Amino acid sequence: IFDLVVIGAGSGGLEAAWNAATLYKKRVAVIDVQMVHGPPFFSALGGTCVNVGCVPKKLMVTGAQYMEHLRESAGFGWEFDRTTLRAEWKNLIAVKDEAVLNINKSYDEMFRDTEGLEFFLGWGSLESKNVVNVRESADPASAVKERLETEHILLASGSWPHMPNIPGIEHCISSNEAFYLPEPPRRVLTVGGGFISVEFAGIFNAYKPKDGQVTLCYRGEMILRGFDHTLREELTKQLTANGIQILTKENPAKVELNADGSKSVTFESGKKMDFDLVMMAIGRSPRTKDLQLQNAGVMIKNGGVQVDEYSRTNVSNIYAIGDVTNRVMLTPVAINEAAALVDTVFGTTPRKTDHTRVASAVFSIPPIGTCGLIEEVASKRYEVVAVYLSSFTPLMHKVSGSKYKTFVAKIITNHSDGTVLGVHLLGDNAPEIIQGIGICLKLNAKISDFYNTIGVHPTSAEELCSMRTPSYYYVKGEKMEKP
């Protein structure tokens, strides 16, 4: 009765569903737990990105950057009674809510108007290789609302926050509830060193009350493992310069709520500190459990569904894309894989996603843009590696007062032939600058291609066309320098 059933109406799910029903005119059903965003299940039609991810995150980080603009405007002659300045968290949450709601509604119309595309509200799970059930709860004993027999199944359930099993974890929230907070915490602890932790630390820092403090803690020695160490070091200094406390090598042991409703957090070290809110942004896990993957023999490996490079699992009827495969957890990668799967299945030529050289950003204040390898893995994979590093205070920040805002640009090459293996940026607009650079690496550009291009002046991005001489090299993993 159906050709494709997609469990999950998110970035990858909705893309594959549309791409199939429209381009190959095959009939598909998609399942999701909610129509509109918000509690109880948070994610809804549209997926994590639309509901509790990229889109609301970006509105909130933009709102948080206005603390920067409003302070820095003074260096250019804008005066106002700065004592009347107030950040109003619920005006931001209200506009965010409306913006997300309109995208949920939009997706509903898309089903109501595209023939051959049917949405089913509920929880999908595998009854067998060819039958998917839409039950009414995550529990596999709830009333089967619909039973769908299909010629193909795509799993696109995404991921979900991972909460540690520590005493008092019920007094903690994840990023999901952080999108619905009624008012901004006075003392908030954000646990984790990845992009979600770093981004929410910037958001809370801007909308915090008069005597507020944001603390970020990470169990390792520097935030953002997996990123370039110069960028990690420099972003730490700029985040602490903007009033965020960063506690590294610290990890919560227990959380117990005090009389006030505040939380006392005891760290593994014995340190004890009180906060009004504790957000765990420790990690995200593929959500496989409710799919009942054992009922069709779909194999999972490290928490996520095992798929081959064409997103097929081990049961030929079923495929999986997006976060549930645990490859690169980014919306554009899920959308890319979804189009590549519908082409390999219902099209003529098999397409597979290239997962290397994907550009991405961290929307911290200041932001990061990055594409390619970091020198630590580059020197492991190549015999001689050149590192070109440039760091400068942009002139607007000499004038704005924010003299600590160093822009960092770093290019890494295979020095034997000049191929750019990675470009890493910290500074304003770095997410916008890295997109063109992602196209360059996909075209296998060499460093001579960068410095033979004429620069757009005055911009930060022209620095990338002005890096001609390496700062140091890695020869067989050893750092070396020209004398």
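When you see a residue number, it is the position in the sequence shown, counting from 1.
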query	finding
Of 178-186 and 336-344, the stretch whose C-alpha atoms average the higher B-factor in the entry	336-344
Comparing 128-136 with 262-270, the one whose average Cα B-factor in the PDB entry is higher	128-136
Residue with highest C-alpha B-factor in the PDB entry, from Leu441, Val52, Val423, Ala29	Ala29
Highest-ranked of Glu199, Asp323, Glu309, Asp276 once sorted by CA temperature factor in the record	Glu309
Cα B factor band for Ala74 (lowest, middle or highest third within the chain)	lowest
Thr313 - Cα temperature factor, lowest/middle/highest third of chain	highest
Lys96, C-alpha B-factor rank within chain (lowest, middle or highest third)	middle
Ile244 CA temperature factor, ranked by third within the chain	lowest
Relative C-alpha B-factor of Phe392, binned into the chain's lowest, middle or highest third	middle
